[PDB]
Amino acid sequence: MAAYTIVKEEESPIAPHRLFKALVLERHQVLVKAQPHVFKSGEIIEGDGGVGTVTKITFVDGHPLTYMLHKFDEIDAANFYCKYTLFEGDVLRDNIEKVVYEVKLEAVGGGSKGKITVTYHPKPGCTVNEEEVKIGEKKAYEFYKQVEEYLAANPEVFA
Amino acid sequence: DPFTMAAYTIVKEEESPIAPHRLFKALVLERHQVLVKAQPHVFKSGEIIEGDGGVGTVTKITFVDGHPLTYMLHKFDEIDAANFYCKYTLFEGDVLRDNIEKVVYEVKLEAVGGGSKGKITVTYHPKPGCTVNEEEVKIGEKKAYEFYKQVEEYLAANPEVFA
Amino acid sequence: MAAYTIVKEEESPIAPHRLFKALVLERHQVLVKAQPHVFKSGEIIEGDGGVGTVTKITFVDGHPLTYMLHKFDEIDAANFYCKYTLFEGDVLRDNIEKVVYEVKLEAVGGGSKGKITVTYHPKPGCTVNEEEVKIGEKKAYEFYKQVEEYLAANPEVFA
Amino acid sequence: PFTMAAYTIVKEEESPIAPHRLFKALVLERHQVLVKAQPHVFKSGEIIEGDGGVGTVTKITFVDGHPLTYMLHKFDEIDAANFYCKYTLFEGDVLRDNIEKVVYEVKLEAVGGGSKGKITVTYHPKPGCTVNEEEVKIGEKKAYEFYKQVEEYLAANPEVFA
Amino acid sequence: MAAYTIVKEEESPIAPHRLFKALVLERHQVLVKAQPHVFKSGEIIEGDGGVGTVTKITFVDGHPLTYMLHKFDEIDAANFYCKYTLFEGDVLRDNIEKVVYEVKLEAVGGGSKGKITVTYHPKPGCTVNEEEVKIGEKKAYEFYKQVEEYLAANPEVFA
Amino acid sequence: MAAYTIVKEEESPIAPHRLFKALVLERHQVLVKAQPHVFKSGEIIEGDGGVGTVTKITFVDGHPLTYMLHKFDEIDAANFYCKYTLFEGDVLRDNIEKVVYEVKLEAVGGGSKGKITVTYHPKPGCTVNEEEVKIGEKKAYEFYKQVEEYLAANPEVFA
Amino acid sequence: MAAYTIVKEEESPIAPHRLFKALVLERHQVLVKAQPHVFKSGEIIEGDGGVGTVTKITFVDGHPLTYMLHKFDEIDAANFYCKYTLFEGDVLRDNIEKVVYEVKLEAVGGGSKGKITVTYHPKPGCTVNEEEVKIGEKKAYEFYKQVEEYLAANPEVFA
Ligand SMILES: O=S(=O)(O)c1cccc2cccc(Nc3ccccc3)c12
Ligand SMILES: O=S(=O)(O)c1cccc2cccc(Nc3ccccc3)c12
Ligand SMILES: O=S(=O)(O)c1cccc2cccc(Nc3ccccc3)c12
Ligand SMILES: O=S(=O)(O)c1cccc2cccc(Nc3ccccc3)c12
Ligand SMILES: O=S(=O)(O)c1cccc2cccc(Nc3ccccc3)c12
Ligand SMILES: O=S(=O)(O)c1cccc2cccc(Nc3ccccc3)c12
Ligand SMILES: O=S(=O)(O)c1cccc2cccc(Nc3ccccc3)c12
Ligand SMILES: O=S(=O)(O)c1cccc2cccc(Nc3ccccc3)c12
Ligand SMILES: O=S(=O)(O)c1cccc2cccc(Nc3ccccc3)c12
Ligand SMILES: O=S(=O)(O)c1cccc2cccc(Nc3ccccc3)c12
Ligand SMILES: O=S(=O)(O)c1cccc2cccc(Nc3ccccc3)c12
Ligand SMILES: O=S(=O)(O)c1cccc2cccc(Nc3ccccc3)c12
Ligand SMILES: O=S(=O)(O)c1cccc2cccc(Nc3ccccc3)c12
Ligand SMILES: O=S(=O)(O)c1cccc2cccc(Nc3ccccc3)c12
Ligand SMILES: O=S(=O)(O)c1cccc2cccc(Nc3ccccc3)c12
Ligand SMILES: O=S(=O)(O)c1cccc2cccc(Nc3ccccc3)c12
Ligand SMILES: O=S(=O)(O)c1cccc2cccc(Nc3ccccc3)c12
Ligand SMILES: O=S(=O)(O)c1cccc2cccc(Nc3ccccc3)c12
Ligand SMILES: O=S(=O)(O)c1cccc2cccc(Nc3ccccc3)c12
Ligand SMILES: O=S(=O)(O)c1cccc2cccc(Nc3ccccc3)c12
Ligand SMILES: O=S(=O)(O)c1cccc2cccc(Nc3ccccc3)c12
Ligand SMILES: O=S(=O)(O)c1cccc2cccc(Nc3ccccc3)c12
Ligand SMILES: O=S(=O)(O)c1cccc2cccc(Nc3ccccc3)c12
Ligand SMILES: O=S(=O)(O)c1cccc2cccc(Nc3ccccc3)c12
Ligand SMILES: O=S(=O)(O)c1cccc2cccc(Nc3ccccc3)c12
Ligand SMILES: O=S(=O)(O)c1cccc2cccc(Nc3ccccc3)c12
Ligand SMILES: O=S(=O)(O)c1cccc2cccc(Nc3ccccc3)c12
Ligand SMILES: O=S(=O)(O)c1cccc2cccc(Nc3ccccc3)c12
Ligand SMILES: O=S(=O)(O)c1cccc2cccc(Nc3ccccc3)c12
């Protein structure tokens with residue numbers, strides 16, 4: 001059970017409830033707001049917006065990837081806590097079974113602090129892509145920095 | 001030590017939809033300014049005379065002229081703006097009514113959902129061998145809660161006001 | 001202290017996801033479509049429909065009553081299980097601190113079955129009689145009925 | 001309608017005894033030090049819950065002839081390292097019907113081969129009834145005399161807790 | 001950047017509050033009781049059972065490895081959760097920066113459920129020895145049991 | 001022109017007033033108690049023990065070195081700070097006018113943390129034999145460690 | 001690891017409530033005032049004009065370096081005592097990690113005298129180049145010399 005893991009910490013001028021709404025609860029929608037050139041649509045197909053909720057993110061028709069689904073494992077918007085899981089979608093490929101994210105945020109001034117952890121759950125006797133991992137933190141970190149900048153400059157959004 | 005003069009302490013537990021950073025700011029840091037903005041008929045101005053809006057800072061809160069009162073003097077004893085903590089003391093001004101040595105405000109807030117949780121604890125300190133009026137206490141808490149409640153509605157209404 | 005406990009076991013032709021949506025998850029917004037001659041507005045004042053959510057139902061201007069705020073406690077919608085708190089509002093008389101409903105449905109063929117466990121808790125400052133505890137029941141029994149008629153005649157709603 | 005009162009006493013103190021010493025005697029081991037200093041007033045004292053850390057509770061018992069009989073205490077916050085503690089006298093016959101509980105905050109600091117302390121004690125009234133100086137001064141003088149007693153033995157014995 | 005993670009779930013017949021005191025809280029001393037042949041000492045350098053506790057170990061002089069050092073990130077003693085990291089040691093080979101221990105137990109019947117995660121963080125540039133992984137599990141597992149049975153055979157131990 | 005100052009930070013189980021006394025105030029007398037094969041005598045030749053005080057420390061006979069004189073420039077015992085300086089002796093070779101010593105200690109639990117800064121000042125138109133600094137620290141640290149162990153065993157010395 | 005230390009005692013007719021501000025508190029805006037050709041911009045991007053603040057001086061298009069960042073380990077704007085650290089920026093050659101500047105201004109009638117301790121601290125095994133010290137000591141003394149003029153020139157400013 002060899003699972004590669006990236007546990008990191010970040011810090012923002014953006015407020016923590018706001019950033020959470022943007023990067024966790026509303027992520028499926030916000031992905032399409034920040035990258036209309038990559039994602040055609042983002043929805044919920046199962047759940048009411050809390051634990052057990054299932055989203056469907058669809059790439060534009062010209063993108064190599066097709067779609068992904070994530071499920072909400074635990075959510076406690078009270079203390080900016082959620083653990084979700086990417087359990088279906090081409091990006092996974094054949095070597096990976098599901099990618100699990102666990103996010104913890106907290107206010108530090110008018111801004112935030114967060115502990116983000118990614119763990120890749122490989123299929124029986126497969127090699128987790130070390131490269132797939134660099135691509136993972138890459139795609140997100142950009143997204144997170146891209147959102148942070150919209151928000152900074154549009155303070156009424158999710159405020 | 002025949003006695004260590006007894007002091008009067010109120011411990012409050014309060015909650016807002018306002019995010020702890022907007023409130024730490026509106027009612028602690030820029031309070032001096034937000035009072036006059038919120039209640040421009042009672043206070044002409046608030047202005048930091050000493051320090052640079054940080055620890056050991058002291059402000060002068062000024063009432064109108066016709067108003068019984070004139071100026072209030074607050075000193076900043078402890079701050080951790082990151083964690084929304086503050087000790088700030090009231091010492092120079094006639095709001096005491098020539099009997100209280102000082103009033104000790106201790107404040108701690110924390111985020112919840114889209115809002116705040118709040119630790120407030122007021123302590124009234126008299127000058128040598130004087131009584132600590134229940135009266136002033138009734139009023140020290142009542143004017144501030146009203147104050148607080150006005151500034152909440154503002155910030156709920158105007159959602160970009162504090163940063 | 002001690003409280004009055006109404007416990008029940010009702011049965012319905014409507015499927016349980018249709019009732020759970022109509023009478024638990026969207027109750028607040030459904031009380032106004034059905035009793036627009038009583039209620040002006042229903043709304044979540046805070047929450048993601050999760051567990052710490054709070055809704056607000058407002059009575060019409062003339063109505064002797066003014067408002068109620070309900071705050072979910074824990075949910076399992078998939079299973080149609082919900083415990084939800086009536087913590088404040090004009091409706092609570094001085095004798096009542098809160099009223100706790102415990103909802104759990106199951107399927108019965110093309111219909112449903114459900115047990116309800118409504119509890120009136122008082123304030124130390126007063127005691128609980130039966131006239132009021134009997135009214136709550138009527139209000140809420142009569143509501144469902146009005147809704148059953150509706151979920152039966154329009155099968156598209158929350159199906 | 002208003003927030004209930006409670007009475008606080010702030011003290012600032014200075015000792016020529018090293019501070020880790022007095023943190024052991026009047027705080028971490030108050031329950032055992034109280035009997036050694038005052039076997040005349042106390043029969044025993046001891047722990048009943050925990051192993052010294054946050055949440056730890058202790059029990060105090062006065063001889064069979066004393067008009068008081070026992071006292072309970074819970075440790076709210078311990079940061080021994082900087083000599084800060086917050087504990088609560090929450091149960092025993094010492095709480096005259098008006099008193100609900102007594103909260104004690106203590107911070108100590110090094111000053112040469114001795115120390116400086118700031119002690120704050122907060123009495124909390126129970127619904128309806130009111131607190132008064134009675135319980136307080138008596139409470140103030142009991143704690144102080146004990147400590148002086150501590151101070152004179154800790155000095156008279158350099159290696160004890162040193 | 002990427003770490004080797006080990007997620008483990010087993011479950012043992014002992015009340016959580018009893019394993020907890022042995023396999024983690026006092027795991028310094030009871031590690032000798034367990035192996036008075038591989039283990040020389042069990043010590044708590046600092047921490048009064050306080051989070052941020054750091055222990056000190058040393059195998060018998062014969063053993064090639066000198067000692068092991070742990071800090072306790074957090075301990076929910078009341079809740080039977082603990083996070084601890086192996087931060088220094090001869091056992092901590094020159095290619096591993098730290099090995100993190102995430103353990104959470106809870107009562108199940110008259111037994112326990114064991115899920116624990118250990119993460120292997122490699123010192124900058126190194127791949128980390130996949131040997132130290134297989135090894136890590138076997139050694140702290142074999143010891144898992146010893147301590148189970150013993151505690152099983154004495155119901156008065158840490159009651 | 002610029003001198004060499006080595007900024008150190010250390011930790012002792014001993015209390016700061018103990019460290020400070022032993023390693024600073026009666027240091028001239030302890031060096032002989034701890035190292036009577038190295039040293040013959042410690043004394044004060046120009047001072048009362050207050051600021052601007054001078055000690056005279058002779059090395060046993062048949063020893064390379066002959067003696068050393070230090071002056072106590074700043075003394076704030078209350079906060080455990082000191083500024084003293086070696087300015088005379090064959091131990092200071094041809095180069096360096098004066099290596100300066102600055103000790104700042106703090107209480108912590110049953111012990112103490114320290115901050116020490118040695119500032120080696122080159123001799124008029126010279127370089128600093130940065131190999132005499134390597135030599136200076138060692139002996140001063142052993143002296144220390146010997147004193148540490150000595151004070152721990154006998155907890156009545158500098159109480 | 002050794003460090004390079006500067007003991008410089010200066011003088012100046014110009015009043016210290018102006019130099020101190022210029023030379024320390026508003027140095028970031030004034031560097032950029034005395035040498036527009038060396039720097040195009042300089043600002044405070046963190047902290048709030050007090051101990052713990054961080055500055056960003058931005059060298060012009062035509063410079064090897066483009067920016068450096070300073071931190072105020074300590075401020076005392078009434079006794080004219082400061083202690084700020086150069087933590088980040090290109091100027092720090094692989095062998096230098098930070099420079100610690102301790103300044104103290106005293107009042108000599110209508111002017112000042114001073115003591116500046118500049119201490120360059122090396123990274124893990126690396127050592128500072130004699131070069132690295134005279135450079136820093138000079139463009140800075142030079143800067144000071146232009147301001148002695150600037151100010152004296154016009155008592156209007158900083159008075
Ligand atoms: O404004 S929102 O959609 O709320 C929004 C919310 C959060 C992040 C966003 C990033 C980019 C663009 C947005 N809006 C946008 C505006 C114009 C065109 C396309 C997107 C973002
Ligand atoms: O799935 S939904 O599409 O919202 C859905 C649609 C219509 C009625 C539903 C009733 C109960 C639970 C649902 N979902 C749900 C999903 C996950 C967890 C808990 C409840 C219902
Ligand atoms: O550069 S950033 O957006 O800052 C970026 C910031 C921080 C971390 C990053 C990690 C991986 C990839 C990026 N790639 C990337 C790739 C293409 C465009 C933009 C970014 C990261
Ligand atoms: O592009 S960024 O992450 O901004 C980037 C920034 C700085 C250094 C990089 C080194 C390798 C790969 C990158 N990116 C990358 C992006 C996509 C696929 C593969 C590699 C680097
Ligand atoms: O969901 S995110 O990573 O945030 C994401 C953010 C932005 C762009 C993305 C594009 C492709 C795949 C994603 N997910 C993905 C997940 C795991 C592995 C590889 C790609 C993207
Ligand atoms: O950007 S990442 O860490 O890659 C990221 C990856 C996946 C989910 C995330 C959710 C919330 C915030 C993020 N970042 C974040 C950054 C700064 C502060 C707080 C959170 C998330
Ligand atoms: O953010 S950084 O942490 O520096 C960072 C981390 C990792 C990779 C990065 C690649 C490009 C730019 C960065 N910075 C960046 C910063 C803000 C906006 C866009 C890119 C990268
Ligand atoms: O807008 S005001 O009417 O003054 C106002 C009225 C009442 C309460 C206020 C509280 C905070 C900030 C305000 N204004 C504000 C204005 C500019 C900058 C920052 C705050 C408040
Ligand atoms: O409680 S108030 O009386 O308004 C109050 C009185 C005095 C000082 C206060 C400082 C901060 C916040 C307050 N209120 C507060 C309320 C809710 C949450 C957080 C703080 C203060
Ligand atoms: O007196 S208090 O309400 O405490 C009070 C406190 C502080 C400022 C006040 C300003 C105007 C009127 C008040 N009260 C008031 C009282 C009686 C008649 C009319 C007005 C003020
Ligand atoms: O309480 S304050 O928030 O500073 C405050 C807030 C708003 C209005 C006030 C009016 C008068 C006196 C104050 N202080 C005060 C303090 C102690 C006793 C009596 C009045 C007022
Ligand atoms: O009682 S207080 O808690 O102060 C109080 C606090 C906050 C708001 C108040 C509003 C109206 C009356 C109060 N009572 C009141 C009573 C007598 C005179 C004036 C106001 C309010
Ligand atoms: O439609 S209404 O005429 O408002 C309506 C009228 C009367 C009773 C109703 C009961 C349940 C749902 C309704 N409507 C509804 C409509 C859309 C979605 C969910 C419920 C009811
Ligand atoms: O307060 S809300 O207005 O929804 C809100 C608004 C914006 C961002 C939020 C982030 C987390 C939790 C919320 N609310 C929440 C409320 C109750 C329980 C749990 C979370 C957020
Ligand atoms: O029962 S509810 O279902 O919320 C309800 C449903 C429909 C109509 C109602 C009208 C008034 C009060 C309610 N609540 C209420 C609560 C307790 C006692 C009496 C009435 C109503
Ligand atoms: O109002 S009465 O019918 O008189 C009434 C009287 C007595 C008990 C009742 C209980 C539930 C509902 C009522 N009304 C109701 C109305 C329509 C449908 C179902 C029940 C009750
Ligand atoms: O029973 S009622 O009186 O309408 C009622 C009263 C109070 C709370 C209720 C909550 C859910 C469903 C109801 N009715 C229901 C009806 C059929 C099947 C399952 C639930 C509730
Ligand atoms: O706990 S102490 O104060 O340390 C204490 C010290 C020494 C003797 C004491 C005797 C009785 C009661 C105590 N407590 C007490 C508390 C409140 C009121 C009056 C007495 C005594
Ligand atoms: O203040 S006393 O009332 O005796 C006292 C009362 C209750 C607890 C105390 C704990 C530590 C030290 C005290 N005195 C102290 C004195 C001098 C220096 C340091 C501490 C304590
Ligand atoms: O005699 S003691 O028993 O200590 C004593 C105990 C309790 C209260 C005291 C009050 C005043 C003076 C005392 N003596 C005193 C002695 C030295 C310094 C300060 C006060 C008190
Ligand atoms: O550390 S290991 O490298 O796996 C290891 C290697 C060899 C023997 C071991 C014996 C006991 C515990 C281990 N680990 C361990 C870890 C934490 C607490 C207690 C024991 C042993
Ligand atoms: O060693 S092996 O049998 O290879 C082994 C193989 C697979 C899993 C193991 C787990 C724990 C201990 C082992 N050995 C062990 C051996 C002797 C005493 C205690 C534990 C394990
Ligand atoms: O540092 S001391 O602690 O005095 C020291 C203590 C004990 C023995 C010493 C022997 C030689 C040189 C020293 N110092 C020295 C100092 C500067 C340069 C070269 C040597 C000795
Ligand atoms: O020590 S200097 O190298 O000049 C120096 C270098 C860099 C920054 C300085 C800031 C204030 C004073 C200095 N000294 C000083 C001395 C005499 C007159 C004016 C300034 C500074
Ligand atoms: O003349 S300087 O004052 O340095 C100077 C100041 C401002 C901008 C400069 C741009 C290029 C070269 C310089 N000279 C230079 C000289 C030697 C090495 C590197 C650059 C610049
Ligand atoms: O010329 S500077 O522009 O500082 C300069 C810039 C960059 C690198 C330099 C290297 C050596 C000497 C310099 N200057 C120098 C100046 C006077 C005397 C001796 C050396 C360097
Ligand atoms: O650049 S040079 O003079 O060559 C120079 C060379 C070598 C060392 C220097 C030290 C300080 C200032 C310089 N220049 C300087 C220039 C004008 C006024 C004050 C000092 C130094
Ligand atoms: O910041 S100052 O020295 O005052 C300074 C003042 C004026 C111009 C400077 C140009 C380059 C580098 C500096 N500093 C520097 C410092 C340490 C090492 C290397 C360069 C300059
Ligand atoms: O730069 S000047 O052109 O004089 C200048 C022009 C306009 C406004 C100024 C304000 C402050 C300091 C200056 N100069 C300054 C110059 C050197 C050192 C310190 C301050 C100002």
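Chains as they are written, first to last, in our numbering: chain A, 1 to 159; chain B, 1 to 163; chain C, 1 to 159; chain D, 1 to 162; chain E, 1 to 159; chain F, 1 to 159; chain G, 1 to 159. C-beta: ideal position from N, C-alpha, C; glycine also.
Residue of the options minimising C-alpha distance to residue i
| i | options | result |
| --- | --- | --- |
| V54 of chain A | A:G109, A:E132, A:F87, A:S12 | A:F87 |
| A153 of chain C | C:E10, C:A2, C:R18 | C:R18 |
| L151 of chain G | G:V30, G:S112, G:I14, G:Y141 | G:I14 |
| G52 of chain D | D:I78, D:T69, D:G45, D:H66 | D:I78 |
| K83 of chain A | A:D61, A:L65, A:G109, A:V51 | A:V51 |
Beta carbon of residue i nearer than 7 angstroms to that of residue j
| i | j | result |
| --- | --- | --- |
| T89 of chain B | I9 of chain D | no |
| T58 of chain G | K71 of chain G | no |
| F158 of chain E | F80 of chain E | no |
Enclosing beta strand (DSSP E) for residue i [first to last residue]
| i | result |
| --- | --- |
| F42 of chain D | 42 to 49 |
| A3 of chain E | 3 to 9 |
| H70 of chain G | 68 to 76 |
| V51 of chain A | Taken as a continuous stretch (DSSP letters only), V51 of chain A belongs to no beta strand (DSSP E), as it is neither H nor E. |
Residue span of the alpha helix (DSSP H) that contains residue i, given as start and end
| i | result |
| --- | --- |
| residue 170 of chain B | The question about residue 170 of chain B has no answer, for chain B in this structure spans 1 to 163. |
| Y150 of chain F | 132 to 153 |
Reduced DSSP secondary structure (H/G/I, E/B, other) of residue i
| i | result |
| --- | --- |
| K21 of chain E | helix |
**Message:** What are the residues in the segment 23 to 54 of chain E lying within 7 angstroms of chain D by C-beta distance?
**Reply:** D48, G49, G50
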